[PDB]
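S.K.: Show me how the following folds:
(chains A and B)
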Amino acid sequence: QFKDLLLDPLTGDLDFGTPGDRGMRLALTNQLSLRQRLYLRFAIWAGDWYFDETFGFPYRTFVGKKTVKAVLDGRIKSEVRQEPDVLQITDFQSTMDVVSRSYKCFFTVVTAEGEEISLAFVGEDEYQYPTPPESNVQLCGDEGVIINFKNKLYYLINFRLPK
Amino acid sequence: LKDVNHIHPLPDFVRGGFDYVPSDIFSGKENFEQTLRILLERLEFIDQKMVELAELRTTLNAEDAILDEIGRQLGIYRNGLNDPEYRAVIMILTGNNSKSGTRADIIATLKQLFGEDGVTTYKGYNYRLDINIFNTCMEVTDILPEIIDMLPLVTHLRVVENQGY
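M.R.: Numbers count the residues shown, from 1 in each chain, chains lettered A, B, ... in the order given. Okay, here it is:
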């Protein structure tokens, strides 16, 4: 439920929205929040962000060196579980090509969805305060009491005659 | 090798801060940059005006609207003086506080009002002194009262002004 500015999954810029409803949006669904929380966590190289030297991933250790596939998978699979709301990891297809020296892995992560605790900070309210009456209706009655009775009588006259 | 006065506009303020984008993650997305640039460039204007708030308050460059405030603290009121010469009187009176009215000293004060060769001074036996002006750039009658003040208690003075030799 971690709120934050929404990042476009397709381009990487802020998700200002479609041309018909351009604006700014907050990440509300846990899925969207977790997506960007993993994306930033994996995209920032370790130590390259000032104000926090411990954040990021240490790509320099592996890239450019002769490395064992098994060691890399452990670190990749470990960084994911640093988020407190990750249920499990389903599958992991780690493959390496020696000709091009490229490495490419696949996997998915499962996360549940929570409640909103309070709507005070977001948009709307859930209550239905009453509406003041109109004109002399309060002190003298209402005509609808006649209309509903007339309709009931008419429908009952309709019911008895077979159709 | 370096200026002692550190009060200067910060060089290349805008490109700084952008340097703190971690690993070019957002660079080239043209959506986050504009949002950040729009906010940062506002500080540019404020950063620039921080200098004039200090630079313009100096007596050398102070405009008449506020130069009066500087003069007011020193007791030198505008009276009927105009801006270009009001600056001069402020300098002259202030400089008088560390003077002795010697021949070498008098030449120095007149030096700031008429360039290098614009003034000369003849001397006489019985307290007579003379002032010559060649390249005046301001009207002298209003400046005259001060020109008397920085002279000995018993000076006898003549004033003659002309353009060129």
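
S.K.: Look up how far residue A:4 lies from the residue nearest the centre of chain A.
M.R.: Centroid-nearest residue in chain A: residue A:29, 1.7 Å away (criterion: CA atoms, centre = their mean). When distance is defined by CB to CB, to the nearest Å, residue A:29 is 12 Å away from residue A:4. C-beta: built from backbone N, CA, C; applies to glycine.

S.K.: Just give the closest residue to the residue of chain B most remote from its centre, not the sequence neighbours.
M.R.: Distance to the chain centre peaks in chain B at residue B:25, reaching 50.0 Å (criterion: CA atoms, centre = their mean). Of all residues not flanking residue B:25 in the chain, residue A:43 sits nearest, at 4.9 Å (CB to CB, 6 or more residues apart in numbering or on different chains).

S.K.: and residue 20, how many neighbours does it have?
M.R.: By default, I'm working from chain A. 5 (other CB atoms under 10 Å in any protein chain shown).

S.K.: wrong one, chain B
M.R.: Using other CB under 10 Å, the number of residues around residue B:20 comes to 9.

S.K.: and if you look at the one 10 residues further on?
M.R.: Other residues near residue B:30 come to 10 when the count uses other CB under 10 Å.

S.K.: Just say helix, strand or coil for residue A:106.
M.R.: Of the three states, residue A:106 takes strand under DSSP: H, G, I helix; E, B strand; the rest coil.

S.K.: can you give me the helices for the chain?
M.R.: Looking at chain A here, since you left the chain open. A:30-43, A:69-80, A:137-140, A:144-160 (DSSP state H).

S.K.: um, chain B though
M.R.: Counting by DSSP H, the helices of chain B are B:15-18, B:32-55, B:64-74, B:83-95, B:103-111, B:144-149.

S.K.: Would you mark the buried spots in the fifth one?
M.R.: What it means is helix B:103-111. Neighbour-count burial for helix B:103-111, with 16 or more other CB atoms under 10 Å in any protein chain shown as criterion, is recorded at B:106, B:109, B:110.
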